[PDB]
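Here the structure comes first, spelled out in structure tokens, and everything after it is commentary.
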Amino acid sequence: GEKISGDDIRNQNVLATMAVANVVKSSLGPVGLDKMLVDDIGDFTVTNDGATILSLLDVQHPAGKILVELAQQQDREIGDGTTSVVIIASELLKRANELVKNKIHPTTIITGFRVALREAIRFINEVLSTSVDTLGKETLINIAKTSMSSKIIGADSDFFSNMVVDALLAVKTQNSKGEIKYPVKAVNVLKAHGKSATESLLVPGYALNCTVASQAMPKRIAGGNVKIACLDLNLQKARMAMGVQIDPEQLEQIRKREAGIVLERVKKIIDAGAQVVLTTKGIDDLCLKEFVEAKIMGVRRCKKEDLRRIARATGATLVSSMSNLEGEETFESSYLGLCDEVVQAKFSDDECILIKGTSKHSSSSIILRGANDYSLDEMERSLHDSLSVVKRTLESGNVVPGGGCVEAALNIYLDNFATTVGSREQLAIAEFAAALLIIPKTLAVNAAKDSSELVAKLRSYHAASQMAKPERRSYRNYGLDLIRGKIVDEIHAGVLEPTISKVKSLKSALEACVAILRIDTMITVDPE
Amino acid sequence: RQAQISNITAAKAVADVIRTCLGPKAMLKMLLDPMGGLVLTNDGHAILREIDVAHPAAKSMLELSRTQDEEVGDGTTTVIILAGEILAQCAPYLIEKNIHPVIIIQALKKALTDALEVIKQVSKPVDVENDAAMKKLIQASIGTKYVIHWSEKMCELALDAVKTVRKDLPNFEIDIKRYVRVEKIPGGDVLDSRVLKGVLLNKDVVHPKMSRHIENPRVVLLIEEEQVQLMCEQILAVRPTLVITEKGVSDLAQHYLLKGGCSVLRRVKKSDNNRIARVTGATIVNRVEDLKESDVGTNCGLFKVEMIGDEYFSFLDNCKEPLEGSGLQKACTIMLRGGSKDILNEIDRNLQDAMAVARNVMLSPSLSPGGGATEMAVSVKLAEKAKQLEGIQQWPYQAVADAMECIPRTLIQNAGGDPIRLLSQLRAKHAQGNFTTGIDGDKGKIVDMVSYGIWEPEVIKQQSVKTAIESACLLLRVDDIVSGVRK
Amino acid sequence: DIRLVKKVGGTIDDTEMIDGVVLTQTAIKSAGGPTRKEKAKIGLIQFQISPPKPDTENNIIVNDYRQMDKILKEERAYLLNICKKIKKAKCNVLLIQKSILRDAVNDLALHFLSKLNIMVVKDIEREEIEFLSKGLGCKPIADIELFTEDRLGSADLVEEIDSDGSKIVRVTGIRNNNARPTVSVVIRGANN
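Residue numbers (PDB author numbering), protein chains in the order written: chain a, 17 to 262, 266 to 490, 494 to 550; chain g, 18 to 186, 194 to 246, 275 to 376, 430 to 592; chain d, 193 to 384.
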């Protein structure tokens with residue numbers, strides 16, 4: 017096949033990863049903007065999230081797939097703020113080419129980065145923020161204003177700050193052998209066209225979007241102890257045998276006997292007492308009329324994935340077929356659960372059943388209304404990502420100031436750390452410290468400002484903090503303001519990011535650059 | 018500027034396509050579809066959905082017109098240009114100021130709040146039940162079509178529809201207009217158009233001997277010789293006068309059902325069976341043996357015969373509902442016999458939009474000057490706040506005032522008047538005398554909209570402009586475009 | 193005798209060698225009624241649970257409309273009688289081999305085992321059965337006739353570990369100690 021050796025492979029790999037990296041760098045920070053991708057198949061999605069973009073983008077050189085899998089790993093760890101994460105490891109490949117031209121061995125480049133990140137853990141612990149730390153009224157609102165950054169939803173921060181915080185307070189459950197944590201991904205987000213974000217509704221529980229099949233069925237159910245039954249059994253004319261096949268009156272009696280049993284199967288649901296029943300596959304008006312006389316609210320054309328979270332939250336047993344230990348078809352009363360309050364509310368020219376007070380599994384749903392689908396495409400993935408930051412905030416109270424405070428601070432620790440190790444690895448620490456400073460410099464590029472003027476002033480304030488151990495405060499200060507271009511403490515601005523998000527960002531970025539540095543050559547076999 | 022040119026030029030040519038769709042002087046444009054036919058109309062809602070453009074960024078704006086029609090239901094007459102008009106004055110920005118669009122977002126938000134205050138300043142209440150102003154208000158939105166000849170008769174059908182099939186649950197007029205059926209019959213005149221309480225069908229009778237007429241109808245919605281005969285006896289057990297099935301009708305069922313004195317129809321779509329079930333009160337029958345006495349017809353006065361010179365059609369006469430309220434679901438229809446397919450397709454678009462506009466009239470009883478006077482009235486205060494602002498944001502903020510002046514300018518170019526002296530007189534008259542001064546729909550004069558008789562609701566002005574401004578930020582928030590992704 | 197388990201997610205620091213039987217494949221999860229299995233017998237099923245479908249031509253003459261549902265009742269009774277002897281033997285853990293070959297399984301087997309609180313797993317390779325039979329010591333069950341309590345094994349507790357969305361079955365303890373035990377380790381990594 018085609019095999020090339022030498023620097024030609026590493027040069028084409030860095031230039032390929034840097035070209036696709038500079039495309040997603042325009043979304044860095046609150047001033048970032050979304051971009052459009054042309055799939056040529058008729059589908060398009062406008063978003064700043066690198067997890068989806070790198071998955072959709074066709075990777076030319078096989079070395080580019082390493083950064084694609086890096087974005088997939090961030091989803092399993094954090095999943096939010098991908099604009100500020102995946103672009104960090106992209107700058108390590110640019111300065112690596114100058115080190116390859118030198119006599120430094122590739123493993124020495126790797127070893128220099130290994131001791132840099134291993135020691136950087138203590139560097140983060142010095143600027144580390146405790147659980148209380150700053151004012152932290154609810155401690156969520158201060159973080160909620162940070163999640164509004166990196167996205168275009170920051171103009172709605174007067175609302176979304178209260179939306180995400182007040183909704184996730186009821187998600188607390190006891191699982192993992194007495195561990196208190198929020199079951200992320202169990203929150204259902206709904207979208208509605210028209211008006212603005214101020215019309216969103218907070219549901220302390222599960223909310224399913226659907227209506228009744230027949231308009232004559234009662235649409236209102238009030239009171240407590242509301243039982244729900246999820247029935248996935250398909251009600252339709254039964255097919256024939258294996259192909260052995262078989266008086267048309269006795270032949271028509273097959274449908275008469277089957278539909279007669281189907282009516283009896285619904286009568287067994289009547290004796291259960293559940294107020295809401297669900298049906299997956301569609302039915303005719305014969306079986307629909309029986310649901311009207313059953314005095315039970317039914318729903319058809321149901322998605323299977325929506326009913327799986329119902330049986331989990333409520334606790335009722337999902338019944339795909341009606342059977343018992345005997346040959347009798349019925350529905351036992353032990354398959355139904357209980358809920359504190361269940362009511363169906365009318366929202367945005369539609370109605371949805373609000374299931375609240377789930378005893379088995381507690382969760383919450385957020386029903387949001389917005390302009391249209393294209394305007395909510397960015398607002399969808401952004402809110403799904405913000406659920407992880409709030410989780411990591413109350414799971415571990417460790418947070419760090421954002422806006423380039425960490426990258427500007429780590430440079431000072433590595434300046435004294437470079438002279439500590441010395442020998443040949445001192446140059447690797449200098450290149451690693453300068454590579455971390457590129458991210459805050461590109462932050463002002465998207466804002467059309469001067470980054471070097473701010474970095475020179477910001478680093479001087481972090482230096483006066485480290486140079487004086489005993490410290494009132496005539497020196498210590500931090501924070502960077504993009505709008506006014508000034509240095510102010512982030513306690514007033516309210517920008518703080520969880521520590522676990524930044525630690526795992528640099529932890530995964532270490533092995534990302536090493537995977538490229540370990541490639542001596544690349545060979546491609548022609549397909550059959 | 019590499020990816021910004023593709024986004025600007027995507028919606029730049031769209032403005033010239035729909036420029037002829039505004040005002041009573043609106044014209045048409047011939048378009049050749051890929052299917053091999055032709056589409057000639059002045060309505061862009063069907064054009065923007067069926068048009069194929071090379072830049073997918075413009076395809077995102079093609080759905081903005083559909084979103085405005087689903088949420089609001091108006092704007093195809095005028096505001097349809099406003100959706101793509103905002104990007105026209107945004108061109109001398111990136112190539113001149115070289116500033117990120119984020120500044121425009123703060124400029125449009127301040128201009129949106131000031132625009133809502135100007136509309137509220139000229140807002141006036143009007144009685145929705147009084148047919149005085151509502152007669153000219155309905156004709157104002159539909160007066161841009163070929164219906165101008167019959168607009169006197171076309172307004173009678175739209176005025177009586179909003180007071181009959183709407184009702185209410194209490195919240196406004198809220199109801200569903202999709203269940204209301206409008207029958208379109210080509211050929212003849214609209215003088216025979218009446219308000220009918222029952223469903224009409226275009227399918228003929230399967231048997232020659234069956235006579236067509238009914239007094240008190242019974243509607244049923246559905275070896276081999278004796279088996280079907282026994283099936284017909286089960287159908288005739290309730291003695292129905294009408295039999296309707298979605299499938300075909302065999303020749304054997306024609307003779308057996310003839311003994312019962314009923315009419316049999318074939319090739320009836322499920323969309324008609326859903327309306328017949330509600331109007332006639334019968335229940336759609338799947339299994340034939342399920343027919344019972346609960347399927348008898350209800351509130352059907354008389355049955356007649358309407359036949360074209362070619363084939364036979366089903367026609368049900370008018371009736372009423374004995375009272376001796431529940432406006433969520435209503436059963437009724439409006440029969441429309443059109444002269445030609447050109448005007449017939451326009452009336453269906455007008456009648457559905459007139460009921461959609463009159464809906465918003467009764468949702469927000471407040472009323473504002475229409476016909477292009479409001480856009481020039483806002484530009485007086487919108488440009489006045491720009492001089493009072495005196496800041497960096499003034500440039501994108503004052504550029505919005507041009508977008509408000511270009512909306513009536515499109516009507517000027519379509520009418521053929523001189524926009525120079527006309528718009529210069531409007532800006533001077535609005536800032537002094539009153540905001541009621543506007544452009545005449547024909548002569549293009551300084552006559553006020555109060556005496557001229559054209560008005561537009563406040564909700565039509567507020568929601569359409571607010572949606573267009575928020576939708577214009579779509580491409581403004583797109584900093585780059587990537588081609589050849591190959592998902 | 194040493195099997196390497198490949199699971200996506202986690203770090204190498206989370207890699208730990210399990211002292212007992214481990215299952216890489218999960219259950220059907222549709223019913224998912226029981227959340228845990230402890231002090232229950234772990235069986236090995238070399239056959240499959242399906243309505244009878246011989247390889248030759250099968251012609252079932254149906255002379256009555258009641259015989260149709262009667263055939264359905266026979267299929268429900270014949271497949272449940274196998275589970276009745278399993279419930280009589282107090283075996284809540286069943287291991288079925290690869291189900292995509294011929295017989296597979298019906299949708300009614302879930303409600304039968306969920307009512308009896310018996311966990312079932314399928315899509316197991318034939319070579320994996322030989323590996324699991326050495327460490328667990330359970331005699332495989334090739335049919336309901338040979339099925340008995342002496343062939344079935346036992347375990348103290350069976351816990352299903354769920355990490356990063358990937359679920360894995362872990363068996364703690366071994367009842368009958370044989371002369372050919374087996375061990376396994378679960379490799380945790382970021383990517384393949």
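All C-beta atoms, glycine included, are put in the ideal place defined by N, C-alpha and C.
Chain a contact for residue i (CB, 8 angstroms cutoff)
i, result
"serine 82(g)", "no"
"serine 242(d)", "no"
"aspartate 299(d)", "yes"
"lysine 233(g)", "no"
"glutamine 279(g)", "yes"
"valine 378(d)", "no"
"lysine 446(g)", "no"
"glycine 225(d)", "yes"
Environment of residue i [buried if 16+ CB atoms lie within 10 Å]
i, result
"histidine 121(a)", "exposed"
"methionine 52(g)", "exposed"
"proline 46(a)", "buried"
"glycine 475(g)", "buried"
"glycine 17(a)", "exposed"
"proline 420(a)", "buried"
"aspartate 50(a)", "buried"
"residue 655(g)", "Examination of residue 655(g) is not possible in this model, given that chain g is present from 18 through 592 alone."
"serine 230(a)", "exposed"
"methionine 554(g)", "buried"
"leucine 217(a)", "buried"
Neighbouring residues, chain a, relative to residue i (Cβ below 8 angstroms)
i, result
"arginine 236(g)", "The premise fails here: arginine 236(g) is roughly 28 angstroms from chain a at the closest Cβ pair, so nothing lies under 8 angstroms."
"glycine 589(g)", "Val54, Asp56 and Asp74"
"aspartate 193(d)", "Here the premise fails: no neighbours, minimum Cβ distance about 32 angstroms."
is_contact[residue i, chain d] using C-beta, thresh 8 angstroms
i, result
"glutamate 85(a)", "yes"
"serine 339(a)", "yes"
"residue 265(a)", "There are no atomic positions for residue 265(a) here, as chain a continues from 262 directly to 266."
"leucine 344(a)", "yes"
Cβ distance (whole Å) where residue i is taken to contact residue j below 8 angstroms
i, j, result
"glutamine 289(d)", "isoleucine 321(d)", "6 angstroms"
"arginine 236(g)", "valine 357(g)", "5 angstroms"
"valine 164(g)", "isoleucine 448(g)", "7 angstroms"
"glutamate 360(a)", "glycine 376(a)", "5 angstroms"
"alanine 461(g)", "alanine 488(g)", "Rounded, the Cβ-Cβ distance is 33 angstroms, inconsistent with contact."
"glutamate 309(a)", "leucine 282(a)", "6 angstroms"
"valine 135(g)", "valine 483(g)", "5 angstroms"
"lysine 227(g)", "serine 366(g)", "7 angstroms"
"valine 337(g)", "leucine 245(g)", "6 angstroms"
CB contact check: residue i to chain g, cutoff 8 angstroms
i, result
"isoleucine 168(a)", "yes"
"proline 78(a)", "no"
"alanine 278(a)", "yes"
"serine 42(a)", "yes"
Proximal residues of chain a, C-beta to C-beta of residue i below 7 angstroms
i, result
"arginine 66(g)", "In chain order: nothing, as chain a lies at least about 14 angstroms away."
Interface residues of chain g facing residue i [CB-CB closer than 9 angstroms]
i, result
"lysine 275(a)", "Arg339 and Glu341"
Amino acids of chain d, ordered along the chain, whose beta-carbon sits closer than 8 angstroms to that of residue i
i, result
"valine 260(a)", "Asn250, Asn251, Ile252, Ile253 and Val254"
- If you scan the segment 449-503 of chain g from start to end, which runs of the alpha helix (DSSP H) of 4 or more residues do you find wholly inside it? 478-494
- Task: Return the chain-ordered ranges of every beta strand (DSSP E) run that is complete within the segment 49-133 of chain a and spans a minimum of 3 residues.
- Result: 50-53
- Item | Those runs of the beta strand (DSSP E) which lie wholly inside the segment 313-396 of chain a and span at least 3 residues | 358-365, 370-377 and 384-386
- Going along the chain, which unbroken runs of the beta strand (DSSP E) with 3 or more residues stay wholly within the segment 102-129 of chain g? none
- Query: Can you give, in chain order, each stretch of the beta strand (DSSP E) that sits fully within the segment 279-305 of chain a and has at least 3 residues?
  - Reply: 295-298
- Which residue spans inside the segment 236-286 of chain d form an unbroken alpha helix (DSSP H) run of at least 4? 257-280
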